[PDB]
Amino acid sequence: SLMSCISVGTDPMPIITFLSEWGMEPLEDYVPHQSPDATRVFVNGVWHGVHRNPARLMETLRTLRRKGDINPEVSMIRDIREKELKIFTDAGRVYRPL
Amino acid sequence: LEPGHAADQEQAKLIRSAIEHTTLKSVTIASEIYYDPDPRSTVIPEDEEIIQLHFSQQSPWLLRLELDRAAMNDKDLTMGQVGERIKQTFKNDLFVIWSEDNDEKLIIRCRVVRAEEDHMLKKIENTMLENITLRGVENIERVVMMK
Amino acid sequence: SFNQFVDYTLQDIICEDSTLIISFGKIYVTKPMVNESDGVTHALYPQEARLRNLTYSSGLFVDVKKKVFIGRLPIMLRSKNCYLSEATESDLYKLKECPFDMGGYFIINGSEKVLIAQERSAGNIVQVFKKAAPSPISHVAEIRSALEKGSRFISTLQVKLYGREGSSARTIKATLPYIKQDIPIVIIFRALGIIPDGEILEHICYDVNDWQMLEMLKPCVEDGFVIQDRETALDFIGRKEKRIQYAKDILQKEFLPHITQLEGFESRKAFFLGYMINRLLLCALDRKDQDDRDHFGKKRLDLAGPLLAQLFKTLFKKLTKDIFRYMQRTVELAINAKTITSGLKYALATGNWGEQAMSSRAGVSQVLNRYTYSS
Amino acid sequence: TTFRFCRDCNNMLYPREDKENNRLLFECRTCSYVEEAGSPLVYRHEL
Ligand SMILES: [Zn+2]
């Protein structure tokens, strides 16, 4: 397509820290029932941890890309009906503008 | 169909239901393994009525089965018929009873007959959902009538 | 995608399997040089290397620490490095190189080359599939692990599920790299450290009321009965003293190598394995769909940068292990740069990426369609 | 129908049967811990 471009590839680090400084329970010490509906957190296909109230996390990171602090390319979703958060800093994802 | 009976809208089903391979597995909502040592009373309220009626050695290991009610009229059947079957299937080495097409909950119960039981009953759990027939002949699945 | 290569990537690919019993530090790349017998060296140009069937390449030097030239990089046209990027109308005209041009090509042995975009199943993601009717396995969840920028370890994982719906013993087994058979997920979970079930089930179930899945796991947990500790747990990956190490190793270097191949993270790795066996049973129980493969967001496109990467890598390493060749002769400056350049040329001009060996993808580097601007 | 495991070594539990009292008797096969029926309901299926 005309508008489409390829993802270049960003760094995972200043977003991994940018996240664990917001609610990232390290996958290390998870508590299966204590953290009941734990919306687990991924990155490049990796389980970095878990966070409580997701909606907040989201609206946060959104108007965080919308200023530039995080590369306006790299993308991430919250699968509501699955309580998951996939993060993609990858290189190879086709994308467009909206 | 047959020579004469050609516009026989009922003869149709009369034969649909003589081949349309029905198996136990088609009518079975669930299979539960209960532990009932008393050869004369179920520890279940709903399973009481049918106990004291089939009286009018074994083993304390009970096998209970539910049959979907709609699953008794897309292949028009009867708890009685099925009993007939299972009975003729294992034959003599297991005692079995069944509720009634009446009772709001269609139910079959089955024990054993004469070291490790709840590992044998299981073999004979699949041995029944998949290896036991009701009516119809092998392979024949969906089978429908047309004018 | 080429910018990103030269800028950062080129620095990276010279730092990983670098040093030797001599280190490689910072990196210097030049604007197009053309080096000829009979004359100095010319500030090479598009027009020129085109008409004269040369290579629009340039210089690749690395600070050697005991500064040194090794090969040339076929620079992309209209990039950052290309003399053209900055230029403007009048200059373009004056250079004879066209104004309405858009750029992108390379220029090996003359002609205008282009690289073919490479679609591929986005690495490093969990996926769940059914098998055909006749099959030992009903279901399998897979994950391809591949270090994003190093050794491209494409070691992988089938996480199976024997016994089709009905048959007794819905036993679960999974397959590791360097591993002859398929270990029942019990042994694995125990050699990983997490030893007792009920805890194993905490990694696997996030709701103690899922009597369904719970149920299912049973025959497997019963499979593992015959081993209860993180010693024999690895001993039965022996395929003594030795084998119990062979394993330990294989689990921190060959198992789910993406995430971490480092050390103390058994906690993290096992929890992933957990989420996997979870997903598998999500579908064994028709709760969620068999993963859609033709999902576009689930595929990546290998471009310039990445191609240059695979190549520059499996190429340069062939040099690193030549260094040891000229050195191990030292019973007492021989960095044959011809290989580095004649490689980039080779694969670029032809299309055979995996060196010269026909066992590489012959198709990339289709040579620019110059028929009409649209085309 | 939920089930459980033993204190002590938190491993899975396999049912037994009191031959004299006719009771359900969940037991461990790693140590010795045992216990009684929370319900004669052993295994449910449903399709
Ligand atoms: Zn125990």
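Numbering, chain D: per Swiss-Prot, residues 2-48 in sequence.
According to its header, this structure was worked out by X-ray crystallography, 4.3 Å.
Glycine too: its Cβ is placed from the backbone N, Cα and C atoms.
What Swiss-Prot lists as Zn(2+) 1 binding site is D:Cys7, D:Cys10, D:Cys29, D:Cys32, and the listing cites experimental evidence. Annotated zinc finger per Swiss-Prot: D:7-32, in sequence order. The phosphoserine annotation in Swiss-Prot covers D:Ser40.
Annotation note: D:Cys10 (Zn(2+) 1 binding site) sits in a coil segment as assigned by DSSP. Each residue contributes its Cα atom, and for D:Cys10 (Zn(2+) 1 binding site) and the residue listed as 'phosphoserine' those atoms are 23 Å apart. In the vicinity of ligand 1, defined as a Cβ distance under 6 Å, the following of the recorded positions D:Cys7, D:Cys29, D:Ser40 are placed: D:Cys7, D:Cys29. Each of the binding-site residues D:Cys7, D:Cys10, D:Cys29 was scored by other CB atoms within 10 A of its CB, and the lowest score goes to D:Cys10. Listed binding-site residues (D:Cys7, D:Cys10, D:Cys29, D:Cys32) with a CB under 8 Å from any chain B CB: none. Taking the centre of the Cβ atoms of D:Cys7, D:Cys10, D:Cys29, D:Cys32 as the Zn(2+) 1 site, the nearby residues of that chain (Cβ within 8 Å, site residues left out) are D:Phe6, D:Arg8, D:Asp9, D:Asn11, D:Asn12, D:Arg30, D:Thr31, D:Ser33, D:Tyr34. Looking at D:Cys32 (Zn(2+) 1 binding site) and the residue listed as 'phosphoserine', their Cα atoms lie 23 Å from each other. Taking 8 Å as the upper bound (exclusive) on CB-CB distance to chain C, the binding-site residues D:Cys7, D:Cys10, D:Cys29, D:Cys32 give D:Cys10 in sequence order. Note: the CA-CA distance between D:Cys7 (Zn(2+) 1 binding site) and D:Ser40 (phosphoserine) rounds to 17 Å. Reported as a whole number, the C-alpha separation between D:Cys29 (Zn(2+) 1 binding site) and the residue listed as 'phosphoserine' equals 18 Å. DSSP assigns D:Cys32 (Zn(2+) 1 binding site) to coil, not to a helix or a strand.
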